[PDB]
file entry.cif (mmCIF, C-alpha atoms and all ligand atoms)
data_protein
loop_
_atom_site.label_atom_id
_atom_site.label_comp_id
_atom_site.auth_asym_id
_atom_site.auth_seq_id
_atom_site.Cartn_x
_atom_site.Cartn_y
_atom_site.Cartn_z
CA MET A 1 -7.80 -19.21 -2.65
CA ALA A 2 -10.67 -16.83 -3.35
CA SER A 3 -9.61 -13.77 -5.30
CA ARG A 4 -11.21 -11.18 -2.96
CA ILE A 5 -11.35 -10.51 0.79
CA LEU A 6 -14.39 -9.05 2.55
CA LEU A 7 -13.82 -5.65 4.17
CA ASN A 8 -15.58 -4.28 7.24
CA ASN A 9 -17.50 -1.86 4.97
CA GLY A 10 -19.20 -4.83 3.28
CA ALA A 11 -17.27 -4.55 -0.02
CA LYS A 12 -14.86 -7.11 -1.47
CA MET A 13 -11.24 -6.22 -2.22
CA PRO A 14 -9.01 -8.15 -4.66
CA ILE A 15 -6.14 -9.71 -2.72
CA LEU A 16 -3.68 -9.04 -5.55
CA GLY A 17 -3.14 -5.53 -6.88
CA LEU A 18 -0.62 -3.63 -8.99
CA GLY A 19 1.71 -1.17 -7.27
CA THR A 20 2.59 2.09 -9.01
CA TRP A 21 5.24 3.85 -6.89
CA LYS A 22 8.30 4.58 -9.11
CA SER A 23 6.46 3.48 -12.28
CA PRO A 24 7.64 6.12 -14.75
CA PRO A 25 4.90 8.31 -16.20
CA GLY A 26 5.86 7.24 -19.74
CA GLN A 27 5.55 3.54 -18.82
CA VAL A 28 2.73 3.33 -16.27
CA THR A 29 -0.16 3.75 -18.73
CA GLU A 30 0.93 0.65 -20.63
CA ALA A 31 1.72 -1.18 -17.36
CA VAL A 32 -1.82 -0.65 -16.07
CA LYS A 33 -3.38 -1.52 -19.45
CA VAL A 34 -1.41 -4.79 -19.55
CA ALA A 35 -2.28 -5.50 -15.92
CA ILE A 36 -6.01 -5.12 -16.57
CA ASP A 37 -5.75 -7.24 -19.74
CA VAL A 38 -4.07 -10.09 -17.79
CA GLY A 39 -6.53 -10.04 -14.88
CA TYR A 40 -5.58 -7.38 -12.32
CA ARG A 41 -8.62 -5.65 -10.85
CA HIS A 42 -6.91 -3.64 -8.07
CA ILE A 43 -4.47 -0.75 -8.62
CA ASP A 44 -2.60 0.92 -5.73
CA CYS A 45 -2.01 4.64 -6.34
CA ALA A 46 -1.03 7.82 -4.53
CA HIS A 47 -0.92 11.53 -5.28
CA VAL A 48 2.70 11.68 -4.05
CA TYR A 49 3.74 9.15 -6.73
CA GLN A 50 3.16 11.93 -9.34
CA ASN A 51 1.72 9.51 -11.93
CA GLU A 52 -2.01 9.34 -11.19
CA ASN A 53 -2.92 11.16 -14.42
CA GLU A 54 -1.17 8.45 -16.45
CA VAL A 55 -2.64 5.62 -14.34
CA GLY A 56 -6.01 7.21 -14.99
CA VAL A 57 -5.49 7.23 -18.76
CA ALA A 58 -5.10 3.44 -18.63
CA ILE A 59 -8.12 2.87 -16.39
CA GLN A 60 -10.35 5.11 -18.50
CA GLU A 61 -9.27 3.44 -21.74
CA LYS A 62 -9.98 -0.07 -20.41
CA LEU A 63 -13.39 1.12 -19.17
CA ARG A 64 -14.08 2.72 -22.57
CA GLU A 65 -12.95 -0.47 -24.36
CA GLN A 66 -15.31 -2.45 -22.06
CA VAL A 67 -12.48 -4.76 -21.02
CA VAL A 68 -13.81 -4.30 -17.48
CA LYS A 69 -16.71 -2.52 -15.76
CA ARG A 70 -16.06 0.12 -13.09
CA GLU A 71 -17.75 -2.03 -10.43
CA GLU A 72 -15.17 -4.78 -11.14
CA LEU A 73 -12.21 -2.47 -10.44
CA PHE A 74 -10.87 -1.67 -6.97
CA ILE A 75 -8.90 1.60 -7.12
CA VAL A 76 -6.94 2.74 -4.06
CA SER A 77 -5.27 6.08 -3.40
CA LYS A 78 -3.81 7.91 -0.43
CA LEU A 79 -3.99 11.34 1.22
CA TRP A 80 -0.50 12.85 1.29
CA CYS A 81 1.04 14.25 4.49
CA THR A 82 0.72 17.94 3.48
CA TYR A 83 -3.10 17.59 3.30
CA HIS A 84 -3.97 16.40 6.83
CA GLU A 85 -5.86 19.68 7.56
CA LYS A 86 -9.68 19.50 7.74
CA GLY A 87 -10.06 22.08 4.97
CA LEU A 88 -7.67 20.35 2.55
CA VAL A 89 -8.76 16.68 2.66
CA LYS A 90 -11.68 16.94 0.24
CA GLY A 91 -9.70 18.88 -2.37
CA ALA A 92 -6.83 16.41 -2.16
CA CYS A 93 -9.25 13.54 -2.74
CA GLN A 94 -10.91 15.46 -5.59
CA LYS A 95 -7.55 16.06 -7.31
CA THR A 96 -6.81 12.34 -7.16
CA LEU A 97 -10.30 11.55 -8.52
CA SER A 98 -9.83 14.07 -11.34
CA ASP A 99 -6.42 12.65 -12.26
CA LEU A 100 -7.60 9.04 -12.12
CA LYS A 101 -10.71 10.13 -14.08
CA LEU A 102 -13.01 8.46 -11.57
CA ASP A 103 -16.13 9.53 -9.70
CA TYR A 104 -15.25 7.50 -6.61
CA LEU A 105 -12.36 5.60 -5.07
CA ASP A 106 -12.88 2.12 -3.67
CA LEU A 107 -10.46 2.86 -0.82
CA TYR A 108 -8.73 6.05 0.35
CA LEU A 109 -5.94 5.81 2.92
CA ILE A 110 -4.21 8.24 5.24
CA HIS A 111 -0.81 7.66 3.61
CA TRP A 112 1.28 8.23 6.77
CA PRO A 113 0.28 9.22 10.33
CA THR A 114 2.71 12.18 10.15
CA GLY A 115 1.09 15.40 8.92
CA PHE A 116 3.31 18.10 7.42
CA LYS A 117 2.91 21.84 6.86
CA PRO A 118 0.71 22.46 3.77
CA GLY A 119 2.26 24.00 0.69
CA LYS A 120 3.72 23.09 -2.67
CA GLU A 121 6.55 20.95 -1.27
CA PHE A 122 5.72 17.37 -0.38
CA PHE A 123 8.42 17.40 2.35
CA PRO A 124 8.60 20.95 3.78
CA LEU A 125 11.89 21.24 5.66
CA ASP A 126 13.42 23.53 8.24
CA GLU A 127 16.98 24.75 7.63
CA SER A 128 18.45 21.65 9.33
CA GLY A 129 16.45 19.16 7.27
CA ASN A 130 13.74 18.20 9.75
CA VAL A 131 10.27 17.98 8.29
CA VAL A 132 7.97 20.81 9.37
CA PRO A 133 4.97 19.18 11.11
CA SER A 134 1.31 20.05 11.02
CA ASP A 135 -0.47 20.35 14.36
CA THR A 136 -3.56 18.51 13.03
CA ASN A 137 -3.93 15.23 14.91
CA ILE A 138 -4.77 11.90 13.38
CA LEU A 139 -8.28 11.87 14.90
CA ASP A 140 -9.30 15.12 13.19
CA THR A 141 -7.85 13.85 9.91
CA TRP A 142 -9.90 10.67 10.40
CA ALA A 143 -13.10 12.70 10.84
CA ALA A 144 -12.31 14.42 7.54
CA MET A 145 -11.88 11.00 5.90
CA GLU A 146 -15.28 9.91 7.25
CA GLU A 147 -16.86 12.92 5.52
CA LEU A 148 -15.58 11.63 2.17
CA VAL A 149 -17.59 8.42 2.64
CA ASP A 150 -20.68 10.45 3.49
CA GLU A 151 -20.18 12.64 0.38
CA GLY A 152 -19.86 9.67 -1.97
CA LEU A 153 -16.25 10.33 -2.99
CA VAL A 154 -14.90 7.07 -1.53
CA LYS A 155 -16.46 3.70 -0.67
CA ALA A 156 -14.00 2.82 2.10
CA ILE A 157 -11.39 4.60 4.19
CA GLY A 158 -8.27 3.29 5.87
CA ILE A 159 -4.77 4.00 7.11
CA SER A 160 -1.18 3.22 6.16
CA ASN A 161 2.03 3.00 8.18
CA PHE A 162 0.09 3.23 11.45
CA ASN A 163 1.59 1.41 14.43
CA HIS A 164 -0.70 -0.52 16.75
CA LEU A 165 -1.10 2.36 19.22
CA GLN A 166 -2.06 4.69 16.35
CA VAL A 167 -4.59 2.15 15.05
CA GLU A 168 -5.93 1.89 18.61
CA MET A 169 -6.23 5.69 18.83
CA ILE A 170 -8.65 5.71 15.90
CA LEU A 171 -10.54 2.65 17.11
CA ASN A 172 -10.97 4.48 20.44
CA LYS A 173 -11.88 7.83 18.81
CA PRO A 174 -14.85 9.49 20.54
CA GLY A 175 -17.76 9.39 18.15
CA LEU A 176 -16.01 7.11 15.64
CA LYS A 177 -18.33 6.71 12.64
CA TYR A 178 -16.41 4.35 10.33
CA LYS A 179 -13.66 1.99 11.40
CA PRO A 180 -10.57 1.81 9.20
CA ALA A 181 -11.09 -0.91 6.60
CA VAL A 182 -7.39 -1.46 5.85
CA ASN A 183 -3.95 -0.77 7.29
CA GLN A 184 -1.36 -0.85 4.48
CA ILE A 185 2.13 -1.62 5.83
CA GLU A 186 5.52 -2.84 4.66
CA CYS A 187 5.61 -6.63 4.88
CA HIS A 188 7.91 -9.31 3.43
CA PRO A 189 10.05 -12.19 4.77
CA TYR A 190 12.65 -9.79 6.23
CA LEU A 191 9.96 -7.68 8.02
CA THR A 192 7.21 -10.17 8.81
CA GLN A 193 5.10 -7.89 11.06
CA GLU A 194 3.50 -10.68 13.14
CA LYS A 195 2.52 -8.48 16.08
CA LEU A 196 0.95 -5.66 14.06
CA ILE A 197 -0.81 -8.06 11.69
CA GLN A 198 -2.36 -10.03 14.56
CA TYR A 199 -3.52 -6.80 16.21
CA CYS A 200 -5.15 -5.49 13.04
CA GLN A 201 -6.71 -8.81 12.07
CA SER A 202 -8.13 -9.20 15.59
CA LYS A 203 -9.98 -5.89 15.06
CA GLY A 204 -11.33 -6.85 11.63
CA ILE A 205 -8.95 -4.52 9.77
CA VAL A 206 -7.54 -6.04 6.58
CA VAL A 207 -3.78 -5.67 6.16
CA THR A 208 -2.22 -4.87 2.78
CA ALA A 209 1.46 -5.79 2.37
CA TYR A 210 3.50 -3.23 0.46
CA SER A 211 7.02 -3.72 -0.89
CA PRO A 212 6.47 -7.52 -0.92
CA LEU A 213 9.58 -8.02 -3.07
CA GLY A 214 11.68 -5.75 -0.85
CA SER A 215 11.42 -2.71 -3.14
CA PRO A 216 14.73 -3.37 -4.96
CA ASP A 217 14.16 -0.19 -7.03
CA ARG A 218 13.74 2.07 -3.99
CA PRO A 219 15.90 5.16 -4.62
CA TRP A 220 18.02 4.64 -1.48
CA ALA A 221 18.95 1.01 -2.16
CA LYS A 222 22.61 0.11 -1.61
CA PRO A 223 24.54 -2.61 -3.48
CA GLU A 224 25.22 -4.59 -0.28
CA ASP A 225 21.62 -4.60 0.97
CA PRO A 226 19.68 -7.84 1.56
CA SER A 227 17.84 -9.12 -1.51
CA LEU A 228 14.69 -11.22 -1.20
CA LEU A 229 14.61 -12.05 -4.90
CA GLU A 230 18.19 -13.37 -4.70
CA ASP A 231 17.93 -15.16 -1.34
CA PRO A 232 18.92 -18.78 -2.13
CA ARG A 233 16.59 -20.12 0.55
CA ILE A 234 13.58 -18.46 -1.08
CA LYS A 235 14.82 -19.52 -4.52
CA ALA A 236 14.85 -23.11 -3.22
CA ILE A 237 11.21 -22.94 -2.09
CA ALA A 238 10.31 -21.48 -5.50
CA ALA A 239 12.17 -24.23 -7.36
CA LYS A 240 10.42 -26.93 -5.31
CA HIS A 241 7.05 -25.49 -6.42
CA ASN A 242 8.17 -24.83 -10.04
CA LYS A 243 7.45 -21.12 -9.51
CA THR A 244 9.56 -17.97 -9.56
CA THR A 245 10.93 -16.35 -6.45
CA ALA A 246 8.60 -13.38 -7.01
CA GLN A 247 5.60 -15.73 -7.23
CA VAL A 248 6.54 -17.24 -3.84
CA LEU A 249 6.98 -13.74 -2.37
CA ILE A 250 3.48 -12.79 -3.61
CA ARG A 251 1.76 -16.02 -2.53
CA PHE A 252 3.29 -15.76 0.98
CA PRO A 253 1.20 -12.75 2.16
CA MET A 254 -1.88 -14.10 0.37
CA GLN A 255 -1.79 -17.19 2.62
CA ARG A 256 -1.55 -14.94 5.72
CA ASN A 257 -4.92 -13.42 4.71
CA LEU A 258 -3.21 -10.25 3.50
CA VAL A 259 -3.72 -8.22 0.36
CA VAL A 260 -0.49 -7.74 -1.63
CA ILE A 261 0.50 -5.09 -4.20
CA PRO A 262 3.70 -5.94 -6.12
CA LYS A 263 4.91 -3.22 -8.49
CA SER A 264 6.19 -3.80 -12.01
CA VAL A 265 6.36 -1.90 -15.28
CA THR A 266 7.67 -4.98 -17.14
CA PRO A 267 4.82 -6.61 -19.12
CA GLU A 268 6.14 -10.16 -18.73
CA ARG A 269 6.55 -9.72 -14.96
CA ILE A 270 3.12 -8.12 -14.60
CA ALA A 271 1.63 -11.27 -16.16
CA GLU A 272 3.97 -13.63 -14.20
CA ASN A 273 3.17 -12.00 -10.90
CA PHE A 274 -0.56 -12.65 -11.37
CA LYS A 275 -0.03 -16.42 -11.82
CA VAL A 276 -0.20 -17.15 -8.10
CA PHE A 277 -3.69 -18.63 -7.63
CA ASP A 278 -2.79 -22.19 -8.75
CA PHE A 279 -0.25 -23.37 -6.15
CA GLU A 280 -0.02 -23.54 -2.37
CA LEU A 281 2.82 -23.06 0.06
CA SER A 282 2.77 -25.65 2.84
CA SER A 283 2.50 -24.69 6.50
CA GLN A 284 6.18 -25.62 6.79
CA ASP A 285 7.02 -23.34 3.83
CA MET A 286 5.08 -20.51 5.50
CA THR A 287 6.80 -20.93 8.86
CA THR A 288 10.17 -21.20 7.11
CA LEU A 289 9.55 -17.93 5.24
CA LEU A 290 8.45 -16.27 8.50
CA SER A 291 11.73 -17.41 10.08
CA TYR A 292 13.68 -15.07 7.77
CA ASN A 293 12.49 -11.97 9.65
CA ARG A 294 15.32 -9.56 10.46
CA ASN A 295 13.25 -6.43 11.19
CA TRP A 296 14.72 -5.00 7.98
CA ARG A 297 12.57 -1.99 7.19
CA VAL A 298 13.13 -0.25 3.84
CA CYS A 299 10.44 2.47 3.89
CA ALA A 300 10.80 5.38 6.34
CA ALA A 301 12.08 8.97 6.17
CA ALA A 302 14.97 10.23 8.30
CA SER A 303 13.50 13.74 8.05
CA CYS A 304 10.49 12.51 10.09
CA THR A 305 12.18 10.71 12.98
CA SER A 306 11.39 13.53 15.47
CA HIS A 307 7.80 14.08 14.30
CA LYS A 308 5.46 13.39 17.21
CA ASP A 309 3.54 10.85 15.10
CA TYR A 310 6.55 9.06 13.60
CA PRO A 311 5.31 5.46 13.55
CA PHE A 312 8.44 3.35 13.92
CA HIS A 313 9.82 4.19 17.38
CA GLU A 314 7.24 1.80 18.85
CA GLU A 315 8.03 -1.90 18.62
CA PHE A 316 4.87 -2.39 16.54
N1 LIG A 401 1.71 2.95 1.73
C1 LIG A 401 3.01 3.20 1.59
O1 LIG A 401 3.63 3.97 2.34
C2 LIG A 401 3.75 2.49 0.50
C3 LIG A 401 5.14 2.41 0.54
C4 LIG A 401 5.81 1.63 -0.39
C5 LIG A 401 5.10 0.97 -1.36
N2 LIG A 401 3.76 1.11 -1.42
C6 LIG A 401 2.98 0.47 -2.56
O2 LIG A 401 3.42 -0.86 -2.69
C7 LIG A 401 3.86 -1.08 -4.05
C8 LIG A 401 4.89 -2.19 -4.10
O3 LIG A 401 6.07 -1.83 -3.35
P1 LIG A 401 7.41 -1.28 -4.04
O4 LIG A 401 7.11 -0.57 -5.30
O5 LIG A 401 8.12 -0.55 -2.96
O6 LIG A 401 8.28 -2.58 -4.37
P2 LIG A 401 8.09 -4.14 -4.71
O7 LIG A 401 6.74 -4.34 -5.32
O8 LIG A 401 8.50 -4.90 -3.51
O9 LIG A 401 9.25 -4.32 -5.78
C9 LIG A 401 9.19 -3.65 -7.05
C10 LIG A 401 10.45 -3.99 -7.80
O10 LIG A 401 10.47 -5.41 -8.07
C11 LIG A 401 10.69 -5.63 -9.45
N3 LIG A 401 9.96 -6.82 -9.84
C12 LIG A 401 8.60 -6.96 -9.93
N4 LIG A 401 8.20 -8.15 -10.28
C13 LIG A 401 9.38 -8.85 -10.45
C14 LIG A 401 9.64 -10.17 -10.87
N5 LIG A 401 8.68 -11.04 -11.20
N6 LIG A 401 10.94 -10.55 -10.96
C15 LIG A 401 11.89 -9.66 -10.65
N7 LIG A 401 11.76 -8.40 -10.25
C16 LIG A 401 10.47 -8.05 -10.18
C17 LIG A 401 10.21 -4.36 -10.14
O11 LIG A 401 10.90 -4.22 -11.40
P3 LIG A 401 10.21 -3.66 -12.74
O12 LIG A 401 9.15 -2.68 -12.34
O13 LIG A 401 11.40 -3.06 -13.48
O14 LIG A 401 9.64 -4.87 -13.46
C18 LIG A 401 10.64 -3.29 -9.14
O15 LIG A 401 12.01 -2.93 -9.30
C19 LIG A 401 4.33 0.30 -4.47
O16 LIG A 401 4.53 0.42 -5.87
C20 LIG A 401 3.20 1.16 -3.92
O17 LIG A 401 2.06 1.00 -4.77
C21 LIG A 401 3.08 1.84 -0.52
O1 LIG A 402 5.50 6.60 0.95
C1 LIG A 402 5.39 5.77 -0.03
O2 LIG A 402 4.32 5.33 -0.46
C2 LIG A 402 6.65 5.37 -0.75
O3 LIG A 402 7.74 6.22 -0.44
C3 LIG A 402 7.72 7.48 -0.98
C4 LIG A 402 7.12 7.75 -2.20
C5 LIG A 402 7.25 9.02 -2.71
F1 LIG A 402 6.66 9.30 -3.91
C6 LIG A 402 7.93 10.02 -2.07
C7 LIG A 402 8.51 9.74 -0.84
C8 LIG A 402 8.40 8.48 -0.27
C9 LIG A 402 8.94 8.32 1.12
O4 LIG A 402 9.94 8.94 1.49
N1 LIG A 402 8.25 7.52 1.94
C10 LIG A 402 8.59 7.39 3.34
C11 LIG A 402 7.85 8.35 4.25
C12 LIG A 402 6.97 9.31 3.76
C13 LIG A 402 6.30 10.17 4.62
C14 LIG A 402 6.51 10.08 5.98
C15 LIG A 402 7.39 9.14 6.49
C16 LIG A 402 7.63 8.97 7.95
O5 LIG A 402 8.61 8.34 8.33
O6 LIG A 402 6.83 9.59 8.78
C17 LIG A 402 8.05 8.28 5.62
#

call {"tool": "encode", "arguments": {"input": "entry.cif", "output": "structure tokens", "more": "lines below"}}
Ligand SMILES: NC(=O)c1ccc[n+]([C@@H]2O[C@H](COP(=O)([O-])OP(=O)(O)OC[C@H]3O[C@@H](n4cnc5c(N)ncnc54)[C@H](OP(=O)(O)O)[C@@H]3O)[C@@H](O)[C@H]2O)c1
Ligand SMILES: O=C(O)COc1cc(F)ccc1C(=O)NCc1cccc(C(=O)O)c1
result
Amino acid sequence: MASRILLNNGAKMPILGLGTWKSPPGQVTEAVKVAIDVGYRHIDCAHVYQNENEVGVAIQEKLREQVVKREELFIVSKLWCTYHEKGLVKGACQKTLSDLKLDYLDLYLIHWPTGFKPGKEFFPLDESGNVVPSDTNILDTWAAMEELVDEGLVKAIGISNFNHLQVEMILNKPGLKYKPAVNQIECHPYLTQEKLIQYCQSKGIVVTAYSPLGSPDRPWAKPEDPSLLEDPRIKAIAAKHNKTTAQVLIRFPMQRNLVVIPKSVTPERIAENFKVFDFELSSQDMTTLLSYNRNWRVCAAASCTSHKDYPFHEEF
């Protein structure tokens, strides 16, 4: 397994990256430093995660130490929902660049297709708890993303949490200048995403799998919820390969030609999770893992279920 996948902008993207959602600000600097020391070259970030300054401290210190050159890193961030307006996209990108202490991003994603009213709140609500939408459509937001490429702020642009009809809308955009390079979506054995993955791959869009371990630290987890890391069937595949359950869960998307971004702040697990380039799952293992699909989706917001661009009413 090669370590990088070729994107439709001509750049190569490391297939394994470090996730940073929920990584506490007092722990994420050391997590990213350790990650870079043990071989990670791709970090997944977002303004909404509220920890980009601290991620940036780690990146800048490893660049200063000459542990890694900037060209060897692949740094990803995402445009939050309250910045979908034409006049706000550049400043949102610039704030992320400032915080990460970078002069460009390797990839910048529209975080969700649902735009919200701009303001200080990340989820502006009406009095009944519905999110307050923006009227800016995804195509105009895409044009604003294209400008960032042409201004040198980002090397590649993409999307996240877009359903196949929303991907198609961009691909069919009048005057489209740059195709999305990536669609970053939730993907794991309980939400295997075959239909959306095949659609994106057929169009040359690389898929990144988020929450590959099932996001057991998500704030809305319940004690009774399904658990990938504790599923005895997955544990059995791991034992047969002399690997951990997490290592199987990371290798699985890699063998589907996906990028994968497991999150950890635990130094031992950060190192463990990278040790996935020296074993193979068989075709039978892969099909068996795919068979565990239950359409169990962990990442969505109830406040958004009436937004016109809510992505998960469609089958895929
Ligand atoms: N685009 C989007 O809308 C979106 C949405 C969700 C996620 N994402 C991205 O995807 C990343 C990954 O998803 P996620 O954070 O939801 O969850 P995840 O990576 O599926 O799971 C993270 C959890 O697994 C634990 N863990 C990690 N390695 C482990 C191991 N070897 N053994 C046991 N437990 C282990 C972590 O614990 P410790 O940290 O305590 O070690 C943490 O509690 C995010 O951080 C974010 O960068 C993007
Ligand atoms: O979004 C991620 O990357 C990880 O989840 C979060 C992270 C945060 F820091 C703060 C909130 C979330 C969150 O609620 N996401 C779900 C979400 C967000 C926006 C729109 C929709 C929708 O359903 O339209 C769904």

call {"tool": "residues_near_ligand", "arguments": {"input": "entry.cif", "ligand": "ligand LIG 402 (chain A)", "cutoff": "10 Å", "atoms": "only C-alpha atoms and all ligand atoms", "output": "JSON, numbers by chain"}}
result
{"A": [19, 20, 21, 22, 44, 45, 46, 47, 48, 49, 50, 51, 78, 80, 81, 82, 111, 112, 113, 114, 115, 116, 122, 123, 131, 160, 161, 162, 184, 185, 186, 210, 211, 215, 218, 219, 220, 298, 299, 300, 301, 302, 303, 304, 305, 306, 307, 308, 309, 310, 311, 312]}

call {"tool": "atom_distance", "arguments": {"input": "entry.cif", "atom1": "atom CA of residue A:274", "atom2": "atom CA of residue A:247"}}
result
8.0 Å

call {"tool": "atom_distance", "arguments": {"input": "entry.cif", "atom1": "atom CA of residue A:267", "atom2": "atom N5 of ligand LIG 401 (chain A)"}}
result
9.9 Å

call {"tool": "atom_distance", "arguments": {"input": "entry.cif", "atom1": "atom CA of residue A:191", "atom2": "atom CA of residue A:179"}}
result
25.7 Å

call {"tool": "axis_aligned_box", "arguments": {"input": "entry.cif", "around": "ligand LIG 401 (chain A)", "padding_each_side": "3 Å", "output": "lines of an AutoDock Vina configuration file"}}
result
center_x = 6.9
center_y = -3.5
center_z = -5.6
size_x = 16.3
size_y = 21.0
size_z = 21.8

call {"tool": "closest_residue", "arguments": {"input": "entry.cif", "among": "A:232, A:226, A:152, A:253", "to": "residue A:297", "atoms": "only C-alpha atoms"}}
result
A:226

call {"tool": "closest_residue", "arguments": {"input": "entry.cif", "among": "A:278, A:146, A:126, A:52", "to": "ligand LIG 401 (chain A)", "atoms": "all atoms listed in the file"}}
result
A:52

call {"tool": "closest_residue", "arguments": {"input": "entry.cif", "among": "A:29, A:181, A:83, A:222", "to": "residue A:120", "atoms": "all atoms listed in the file"}}
result
A:83

call {"tool": "closest_atom_pairs", "arguments": {"input": "entry.cif", "of": "stretch 193-280 of chain A", "to": "stretch 289-296 of chain A", "cutoff": "12 Å", "atoms": "only C-alpha atoms", "output": "CSV"}}
result
residue,atom,partner,partner_atom,distance
A:193,CA,A:295,CA,8.3
A:194,CA,A:290,CA,8.8
A:195,CA,A:295,CA,12.0
A:211,CA,A:296,CA,11.8
A:214,CA,A:296,CA,9.4
A:215,CA,A:296,CA,11.8
A:225,CA,A:296,CA,9.8
A:226,CA,A:296,CA,8.6
A:227,CA,A:296,CA,10.8
A:228,CA,A:292,CA,9.8
A:231,CA,A:292,CA,10.1
A:232,CA,A:292,CA,11.8
A:233,CA,A:289,CA,8.7
A:234,CA,A:289,CA,7.5
A:235,CA,A:289,CA,11.2
A:236,CA,A:289,CA,11.2
A:237,CA,A:289,CA,9.0
A:238,CA,A:289,CA,11.3
A:245,CA,A:289,CA,11.9
A:248,CA,A:289,CA,9.6
A:249,CA,A:289,CA,9.1
A:250,CA,A:289,CA,11.9
A:251,CA,A:289,CA,11.2
A:252,CA,A:289,CA,7.9
A:253,CA,A:290,CA,10.3
A:255,CA,A:289,CA,11.7
A:256,CA,A:290,CA,10.5

call {"tool": "residues_around", "arguments": {"input": "entry.cif", "residues": "residue A:132", "least_positions_apart": "5", "cutoff": "6 Å", "atoms": "only C-alpha atoms", "output": "list in words"}}
result
residues 116, 117, 124 and 125 of chain A

call {"tool": "write_last_selection", "arguments": {"input": "entry.cif", "atoms": "C-alpha atoms", "output": "PDB file, in the coordinates of the input"}}
result
ATOM      1  CA  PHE A 116       3.310  18.100   7.420  1.00  0.00           C
ATOM      2  CA  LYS A 117       2.910  21.840   6.860  1.00  0.00           C
ATOM      3  CA  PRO A 124       8.600  20.950   3.780  1.00  0.00           C
ATOM      4  CA  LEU A 125      11.890  21.240   5.660  1.00  0.00           C
TER       5      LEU A 125
END

call {"tool": "closest_residue", "arguments": {"input": "entry.cif", "among": "A:169, A:239, A:73, A:200", "to": "residue A:32", "atoms": "only C-alpha atoms"}}
result
A:73

call {"tool": "closest_residue", "arguments": {"input": "entry.cif", "among": "A:55, A:63, A:38, A:182", "to": "residue A:203", "atoms": "only C-alpha atoms"}}
result
A:182

call {"tool": "closest_residue", "arguments": {"input": "entry.cif", "among": "A:145, A:197, A:11, A:79", "to": "ligand LIG 401 (chain A)", "atoms": "only C-alpha atoms and all ligand atoms"}}
result
A:79
